[PDB]
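This report refers to the structure that appears directly beneath it.
Positions of Cβ are generated from backbone atoms using ideal geometry, with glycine treated the same way; all protein chains shown enter the neighbour counts. Where a number appears in this text, it was derived from the coordinates with a stated rule and is not lab data.
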Amino acid sequence: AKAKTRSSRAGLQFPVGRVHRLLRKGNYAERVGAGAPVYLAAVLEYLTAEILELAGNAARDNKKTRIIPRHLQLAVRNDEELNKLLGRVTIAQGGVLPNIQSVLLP
Amino acid sequence: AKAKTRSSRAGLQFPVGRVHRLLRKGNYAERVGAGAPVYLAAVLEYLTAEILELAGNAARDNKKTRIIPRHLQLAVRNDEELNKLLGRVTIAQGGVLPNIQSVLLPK
Amino acid sequence: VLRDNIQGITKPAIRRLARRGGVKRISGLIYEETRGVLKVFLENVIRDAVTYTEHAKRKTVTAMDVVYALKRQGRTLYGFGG
Amino acid sequence: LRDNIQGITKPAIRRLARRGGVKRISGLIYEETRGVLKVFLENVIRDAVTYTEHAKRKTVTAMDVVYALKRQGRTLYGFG
Amino acid sequence: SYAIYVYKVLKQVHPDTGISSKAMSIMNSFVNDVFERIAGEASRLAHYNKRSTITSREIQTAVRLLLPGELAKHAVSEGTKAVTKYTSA
Amino acid sequence: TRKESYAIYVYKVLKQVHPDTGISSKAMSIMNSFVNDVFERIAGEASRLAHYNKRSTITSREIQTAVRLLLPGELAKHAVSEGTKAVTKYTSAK
Amino acid sequence: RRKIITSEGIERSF
Amino acid sequence: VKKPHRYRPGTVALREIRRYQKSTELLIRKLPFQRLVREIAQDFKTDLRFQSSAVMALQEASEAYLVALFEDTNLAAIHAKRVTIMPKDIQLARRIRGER
Amino acid sequence: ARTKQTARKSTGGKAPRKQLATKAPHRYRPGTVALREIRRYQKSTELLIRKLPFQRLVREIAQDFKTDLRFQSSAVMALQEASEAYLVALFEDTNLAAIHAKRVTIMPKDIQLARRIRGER
DNA sequence: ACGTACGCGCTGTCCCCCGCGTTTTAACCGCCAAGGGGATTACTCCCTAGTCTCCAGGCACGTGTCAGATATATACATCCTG
DNA sequence: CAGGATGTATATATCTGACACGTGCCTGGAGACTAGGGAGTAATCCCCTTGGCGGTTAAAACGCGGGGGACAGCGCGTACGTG
């Protein structure tokens, strides 16, 4: 019987196995259910499948095909639904969203 | 052989045994050394022996024997470093530390 | 079914807090505004509080639950349940 | 290295706040900001050194500073 | 090193766009942080409920606490698909 | 139907530092929940320490490095000076 | 003044 | 003529500031609060039952959040050199914290 | 009467004494360039604090915590990109506090308030 | 070095909130109950940890076109400044 | 309003150091098989929330003056930005 990876069997792209081994050794709990990592793999995908999406559009609208760390800082600080997930975290080489208060402007 | 409790040999008041289990049950690491509990009860027993002596000396000043949360809230916010440790904590029934901004006071 | 309870937080109960806070004169708009804030703060704590209650399949929101929902957001609570 | 906090210049702060969004920066800031930045590093380093001093290493590597920053709440990304 | 995995996603969602060798670092440093927050919250959530083992239901409830709003809706909509697909075979 | 707690211990310490004072319930259940907070930060800290350095186990040193990070200021120099004084007495007495 | 701790001694006495 | 001996505007509040900070009881009235929490949770999951303490635990935190707000909006109102706090401060003192 | 003192006891000043004690048009209106300086910075990501003066600032701080430290050239960056951001956030908060106080120029009052309200004091 | 915008201090104006009676109201207390659901055990079962064995996907290293950095040189863009 | 001067944005072309692909490799993961220990499943019971009842009074709502702060205007002179 040829071995089929759990990640490929589930149709996902993130490594179910590598997530599974990480869940075991991290000492989160004595036992990890069979269905626990596959579920966590998908939740990890959709969070990258959205940040890389918004940043992907930043490249086009900025006309640079390669995504550079600023294109991350524009994908998350624009989107409120993501910003709250990334409230405290700093991104190196990210700059700041450009804005100026109304009183300052002449 | 006669049983001498491990909290005695350390001289501590808190229990070292009960901690030594809690480290295992909480799944903090795959193995727990025999030095950790004895060292972890001391720190706890030190801190708990700090807030109290402060709370006590706050009780006597309000002419009450017993400690009540209002005394604790006074023992912690007054001190500068305990307050920094419990910066986020909110003590139930605690009340506030009396403070009036100087601008509001009448003249 | 329950309706219109936020206006139950009586207008003095807003100042009675604000006194303990340490403010002297309170404008007219604060009262109607503060309810807007407190309502936001509960829909956060209560929700996280409900989610645990749903999780263990238990109907009643345990007092120990609220201490957790607070502990997650960053406002730890001492003395209730433990 | 007697005084290096005087090395963070006046145009250094002025450049930063310009990114921040200010328009006019009052003179007493240029000194007062140094007081803040200093007491920031004394907290980030004193943690980064402790992680180092524990592992017996003699070098505060980036994987330490990222950790020291994490407890501060100021999580850092891009290094580990 | 989640980077090979991240590239596979990006080349899916954008067949033309590329990724700089620092973004991967952001993501490899990012996915690990989200995974730690979730799996860390999952461990604490099982401890409160006296349960010994982390399971499929623990992670789902662990998500709805962290991800704000619309993300909670689609993530758990995505997660349930994976388990059902995995359990199908 | 037993919910074990530190109510005995905190009360024992209180007599050491105030042989007259006694503590009321609602004030105890604070201390009973303050310790369970600290002991969950310190230990929870020397759980990531061991993991970072890839050491599997948690030993005392990993607690010093755990204390000197949480306890701010003068407490750090008193706790670890109170910890070692205990553990040194323990091993030498075993 | 009726309710006071008066902050007798702050620095640690180990 | 005819003077009722009314205290000066400003010295009743300071007085009652000195009366509340000293005291420690609960300020937001218990029952009209409970009927609020039951009403909020009724939205997220219908037909819940609240343990008694679990309502108290909220009010104990909901108070000490607002009080933490006012003691921080005041610093904003002192800042513009005025005394009277105003909603253009609670809009500030919540965005400085970043909690928004 | 109270007489301070003289610090140094010689007329030469030791400059001439060996083993010395002392010898071994068009202008923009104000503000218009400011805004131009902002959009020129808020659009860019390059590091603002000069590097070699920062390196010597981190070393000076590390000494009184431990002696003879050696920093990886990466871990001096990871500090700089953090302490630059910390400040840029602080300055946004102070700008808010000043727009609040109804003046435009931030001041140490604004700095201290934007720190106190954060609770990060 | 300079020139001028703004922080600030002063005056003046008025509205709006604090103070203090009255008048209405619903929190509170205490009291009874009912049934609902959280907390035990018994049981039984089935699922993940543990283990052994084989192999291919992820990693590291090599390289090789190539999109981005960089230099240079228009095309409007705003800004004053009469 | 009219118009020069300015700065950033825009175009074309020139390199590169760098990210994408190739290829080999070996180490972690997939197959396969239990074992008992955790997890689910059924009464049960009791205690503890929800719910109603009535008195009652502490407190919330309401009303009005006027006293003082909010705010607007203004004069200015100096601590700023600009070169």
For residue F:93 and residue I:102, what is the calculated FRET efficiency with R₀ set at 51 Å and r taken between the beta-carbons, to the nearest 0.05?
0.15
Using +1 on the beta carbon of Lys and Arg, -1 on that of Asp and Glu, and nothing else charged, what's the dipole of the stretch D:1-79 about the Cα centre, debye to 20?
340
What does the convex hull of the alpha-carbon atoms of chain A project to on average, in nm²?
10.8
Can you pull the mean other chain C-beta count within 10 Å for peptide H:85-98?
6
About the Cα centre, charge dipole magnitude for chain H (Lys/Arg +1, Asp/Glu -1 at Cβ), debye:
760
In whole Hz, what ³J(HN,Hα) sequence does the stretch H:32-41 give by Karplus (6.51, -1.76, 1.60; θ = phi - 60°), x for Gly and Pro?
x, 6, 3, 5, 7, 4, 3, 7, 6, 5
Quick one: 3J(HN,Hα) in Hz for the stretch A:27-32, Karplus 6.51/-1.76/1.60 with θ = phi - 60°, rounded, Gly and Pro as x.
6, 5, 8, 4, 10, 10
Computed over the stretch I:25-121, the convex hull of the Cα set has an average projected area, in nm², of 9.4
Going from the fewest other Cβ atoms within 10 Å to the most, one would list C:65, F:20 as F:20, C:65
So for F:9, F:52, fewest C-beta neighbours within 10 Å to most, what's the order?
F:52, F:9
With +1 on each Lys and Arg Cβ and -1 on each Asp and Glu Cβ, how big is the dipole of the stretch F:1-93 about its Cα centre, in debye rounded to the nearest 20?
240
In Å and from the alpha-carbon atoms only, list the Rg and Dmax of chain D.
15.5, 48
So what's the projected area for chain E, the Cα convex hull averaged over all directions, in nm²?
7.4
Would you pull out the residues with amide H under 5 Å of residue E:19's amide H, same chain only if 5 or more places away, H placed 1.01 Å from N?
A:67
Taking a crude spin-label model, label points 7 Å out from Cα along the C-beta direction, the residue H:16 to residue I:73 distance in nm is 6.8
Could you list which residues have their amide H under 5 Å from that of residue B:92, counting only those 5 or more apart in sequence or on another chain, with H placed in the peptide plane?
C:78
Answer with one residue from E:27, I:101, F:9: the one whose Cα lies farthest towards the positive end of the charge dipole of the protein assembly as shown, charges on Cβ with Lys, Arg +1 and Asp, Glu -1.
I:101
Would you please calculate the Kirkwood hydrodynamic radius of the protein assembly as shown over all C-alpha pairs and express it in Å, rounded to one decimal?
29.5
Can you compute the modelled spin-label distance between residue F:37 and residue C:57, with each label point 7 Å from Cα toward Cβ, in nm?
3.4
Going toward the positive end of the dipole of the protein assembly as shown, with +1 on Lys and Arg Cβ and -1 on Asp and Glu Cβ, which of B:90, E:68, A:19 do you reach last?
B:90
Largest first, please: the extent of the C-alpha atoms of the stretch I:28-68 along each principal axis, to the nearest Å.
51, 21, 14
Of B:52, B:8, B:102, farthest towards positive along the dipole that unit charges on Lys, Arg, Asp, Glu beta carbons give chain B
B:8
List the residues whose amide H sits under 5 Å from the amide H of residue I:106, counting only those 5 or more places along or on another chain, with H placed 1.01 Å from N in the peptide plane.
D:23, D:24, D:26
Of the peptides B:59-66, I:10-17, how do they stack up when ordered by the mean number of other Cβ atoms within 10 Å, highest first?
B:59-66, I:10-17
